[PDB]
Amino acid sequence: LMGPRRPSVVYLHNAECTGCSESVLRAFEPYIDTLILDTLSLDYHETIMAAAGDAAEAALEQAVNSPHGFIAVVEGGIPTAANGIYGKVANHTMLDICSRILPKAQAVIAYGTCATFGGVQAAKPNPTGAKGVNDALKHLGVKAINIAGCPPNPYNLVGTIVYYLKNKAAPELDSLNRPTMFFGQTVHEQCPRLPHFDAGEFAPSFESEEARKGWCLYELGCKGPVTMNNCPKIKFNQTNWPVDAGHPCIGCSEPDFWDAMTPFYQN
C-alpha cells in the first residue's frame, strides 16, 4: 500500500453514514487528488479502494503492520451492545477491529461527531450501544484527536493532519480533545446576525419578513450560542453555511447533540 515516502493513512468505517468520507472528497486547496497522490498514502478506505473481500483485508493488514507506521482516521461510532454484533466488517465486530488496529497507530483522528462522541446512532435509546472512539477504547489507552461536526469541515481534517506531519504532535486540544485552532470559538460569536441577537431582533417564523430580512434565528432554535465550530469563518464548499441559508444551527459538533439540542426548533 505504502512503504517509505508518503505517510500512510488507514481510514476505517464503523457505524457511519459515509457523510464524513464525502466531506473529505470536498477538500479544496488542496484537493483530494493532491492529498492522495502527493501528501499522503491512502492505504485503506472501503468507499474508494480497488480491492474487495480478502484482497481488501490483506491490504489493511499490510498497512497496519508496516514498520513505517500509519495514521488512523476513523469515521463512525462503535456499536458495543450485544458484544459488538450490530456492526461487523469481514465478519469481525467493529469493536474488535478498532481494538486491534487503533492501538497500533502512530496517531488516531476521530473524524465526525459519530467517531468523536457517538453520534446519531448513540441518540436515545441507543439500541446498538454506540460509543465514540475514545469512550469505547479508553481501556486500551486510545486518545484520538476529535474533529467534530456532522460532517466536520474538511478544512479541519486537512489542517490537523498537516499540523501533525509538520510538528510530529497534536495541536492544542480542548477539553473534548478537539483542536482549539478550529473549535475555540462558538458559531454564534462569529455569526453575521449577532447584531440582531444583541438587539433582540429575532425571526418569529421562517415565513416572516424578519426571516426575510435576516434577523437572528435564536427563537427558531439556533444552537450557535452553545456550539463550537468554525462554520461562519471557513464556510462549506467555499460558499455557504446554515445560518446564511436561513436555517438555525443544530449543534452538530457537540457531544450528545441529538439529545441535548432537541427539539431543534426551540430555545
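Residue positions are given as counts along the sequence shown, with the first one as 1.
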The stretch whose C-alpha atoms carry the larger average B-factor in the entry, 34-42 or 60-68, is 60-68
Going by the entry, of stretches 83-91 and 146-154 the one with greater average Cα B-factor is 83-91
Reading the B-factor column for Cα atoms of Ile78, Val120, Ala107, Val74, the highest value belongs to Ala107
By the entry's values, the third containing the CA B factor of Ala115 is the lowest
Here the Cα B-factor of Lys168, set against its chain, lands in the third termed highest
Split the chain's modelled residues into thirds by Cα B-factor; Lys131 lands in the middle
For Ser208, the third of its chain by CA B-factor is the highest
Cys216: CA B-factor among chain residues, third -> middle
